[PDB]
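To keep things clear, I will list the structure first and then write my remarks on it.
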Amino acid sequence: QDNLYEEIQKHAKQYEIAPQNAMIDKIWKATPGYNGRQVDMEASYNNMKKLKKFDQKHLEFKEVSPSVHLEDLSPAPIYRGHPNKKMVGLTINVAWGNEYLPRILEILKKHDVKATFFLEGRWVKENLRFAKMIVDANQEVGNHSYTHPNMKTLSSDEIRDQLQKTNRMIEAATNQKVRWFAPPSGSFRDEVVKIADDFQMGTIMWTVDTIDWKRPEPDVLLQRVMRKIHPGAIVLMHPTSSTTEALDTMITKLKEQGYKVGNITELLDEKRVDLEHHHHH
């Protein structure tokens, strides 16, 4: 019948995925785009030719960019990654819990997984070595306001002062550009999002709250996450005993379900996840 090259061609459409555009969902608000894919004929053929057999697991792909991107959207909060992207983002809000940071960092290293550490500005000032420890562990940091106020009720001047003082503290302590801002208690209004945007920060919310600050049993926390997780989920945690005791198993179970796990920058990237197959742009 058909040679191997023709067999790959005949399966190409089956594995094609169109790119998906960024948009502001009526419920979920600002959602990134996500790359599509098409079969890379050369790499796929090279992967199969010595085996002389078509095997979909050996397909490789070229990626296709969407036309509308996250940065094209009007300012709006981000609750989630793209709902077709088989990845979960981890976020850790830091205004206390120093004693749990080293173990959390070790667990993340063990899994080669990143999390976005949203740092309160006053905490950074008072704990410069722990802020450095996070970035020294190759993790990214974000802005968590200066004093943990309810930002929805603050004046525009106070919002700006909270965000700017925190960025100046984080940038001096870590030498990292701040891309992301997490509102204290998830409390915000449009003006908060707009001022954060004026400082070139996206406003990050979540889709899965561990409620770890109530000190739940680790298995209760784990089951809560697994009941609620979905492609593109953003998980909210803090440096607590509950999170520290559950995180290793949590990441293992997320990977066993087929998810990649990473930080906000990685989650919101348009690049496709490499799970059963390898994609390249």
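Numbering (the deposited numbering), first residue to last: 26 to 306. Ideal placement from N, C-alpha and C gives every residue a C-beta, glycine not left out.
If you compare the alpha carbons of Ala55, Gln39 and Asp80 with that of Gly61, the shortest gap goes to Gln39. When C-alpha distances from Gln34 are compared across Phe79, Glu131, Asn168 and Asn192, the shortest belongs to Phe79. If you check the CB distance, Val64 and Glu85 come in under 9 angstroms. Of the other Cβ atoms in all chains shown, fewer than 16 fall within 10 Å of the Cβ of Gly283; this residue is therefore exposed.
Sorting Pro102, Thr269 and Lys202 by C-alpha distance to the C-alpha of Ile52 places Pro102 at the top. The residues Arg105, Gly106, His107, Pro108 and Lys110, in chain order, have a CB closer than 6 angstroms to that of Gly257 in the same chain once the five nearest residues on each side in sequence are set aside. The residue from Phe224, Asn192 and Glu88 with its alpha-carbon nearest to that of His306 is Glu88. Rounded to the nearest whole angstrom, the CA to CA distance from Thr228 to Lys157 is 23 angstroms. In the DSSP assignment, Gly61 falls within the unbroken beta strand (DSSP E) covering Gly61 to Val64. Of the residues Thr56, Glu31, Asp27 and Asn28, the one whose Cα lies closest to the Cα of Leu292 is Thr56. Shortest Cα-Cα distance from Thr199 to any of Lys278, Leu300, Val160 and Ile132 involves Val160. In the three-state reduction of the DSSP assignment, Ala156 falls in the helix class, which pools H, G and I. Judged by beta-carbon spacing, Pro243 lies beyond the 9 angstroms limit of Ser212, meaning their Cβ atoms are not closer than that value. If you compare the alpha carbons of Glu41, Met48, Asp50 and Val113 with that of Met251, the shortest gap goes to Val113.
At the C-beta level, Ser170 and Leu153 stay beyond 9 angstroms of one another. Taking C-alpha positions only, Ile117 is separated from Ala47 by approximately 25 angstroms.
From the listed residues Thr178, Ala207 and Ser180, the smallest Cα separation to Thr191 is found for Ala207. The way I'd put it, the stretch 270-282 doesn't touch the stretch 297-306; fewer than three beta-carbon pairs between them come closer than 8 angstroms.
Cβ-Cβ distances below 6 angstroms link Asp234 to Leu261 in the same chain, with the five nearest sequence neighbours on each side left out; the list follows chain order. Residue pairing from DSSP leaves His302 without any beta-bridge partner. In the DSSP assignment, the residues bridged to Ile259 are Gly114. In this structure, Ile220 is the residue among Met230, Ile220 and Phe155 with its C-alpha nearest to the C-alpha of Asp182.
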